[PDB]
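Below: one protein chain in two forms, given as structure tokens, structure 1 then structure 2.
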Structure 1
């Protein structure tokens, strides 16, 4: 709807649309005009709440952090009983659902893009330590959650999803459809995990 310039509805609307824009196009490529256009807000509203494009981006990074931790909290707590495989499938499903047309997508794309490249610079305290993934991977391979094979497997499993979140137009035109992507990732992951667990147990 129409909201007072100084209110929190206007601040949130600007924050979220600039989140989407920044997740698409990075900081440097995005303009004041593009932010105002997508947010449907005057430059006065933007400046009132965020001072400038850099202040807005820093707000976006803070909110993205909060939303990543909310999703980490929601995953740890909504853990349905099941096989380690079915849990890994549910975790991968959460990620794949956030790749296209998801309200939380922009938080993940902004943060993963910032974790690859820096710029308060993103070099502070701790983040989510992928506790639930490493736990699942260790159970699937029967190795401790901080066994070296488990740490490497974490990269082998999440890196493709991270890659898909931030790819722009590198993608020979294969379909976005989540089921075929989830089934590939599960079959591939269980094949690779089984192989490296065998080596680690030899």
Structure 2
């Protein structure tokens, strides 16, 4: 509970100010925990920051959730639809959170904790997506066309999660963020794009 409270408040502060502009003292005030209770649970600020980035990644989408939807019966098209659904619903239920802010800050100015998150969270999660796209296209999960398709499929969800508000009110005025309409668009678009790049890969080979 003290561990989770420290994690939550440090997440909010790192999202607002970034690691460089965040003090051990600010974290203790917002958290209302002592320096020694921080040092006990997280060793130091760098260890707490690592825990924050790992939590932030889990809040975007839990690896256990992806494994579950990957292992249940269904066509890879149905599983893709459930994976997309997860990201789109995050847009509807957490438009406000700190997780994507702290991850985006990390991509712009990588700390030494960045590799850990990329290896333990980003890799296996992308891997599950690559295995679904590979089945849909009949290509290996690490085929260059599958690697590029992962960007094609995941990036639109990530852009919406980060930029929904300036998009809806200044750039794409009239954009509905109603989840079903976005899921349907993303699924129809992805299956059409994956069919087209699969065709060229299968003629090259």
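Residue numbers count along the first chain shown, from 1. Basically, rigid core = biggest C-alpha set you can superpose within 1.5 Å across the two forms.
Only one entry in 165, 133, 141, 41 has its C-alpha moved by 2 angstroms or more between the two structures when the rigid core is superposed, and that entry is 41.
A movement of the C-alpha atom of residue 182 falling short of 2 angstroms is seen between the two structures when the two forms are aligned on their rigid core. After superposing the rigid core, the Cα of residue 85 is displaced by less than 2 Å between the two structures. After superposition on the rigid core, displacement of the C-alpha of residue 94 between the two structures stays below 2 Å. With the core fitted, the CA of residue 64 sits 1.4 Å away from its counterpart between the two structures. Core-aligned Cα shift between the two structures at residue 108: this is 3.8 Å.
On the core-superposed pair, the CA position of residue 29 changes by 11.0 Å between the two structures.
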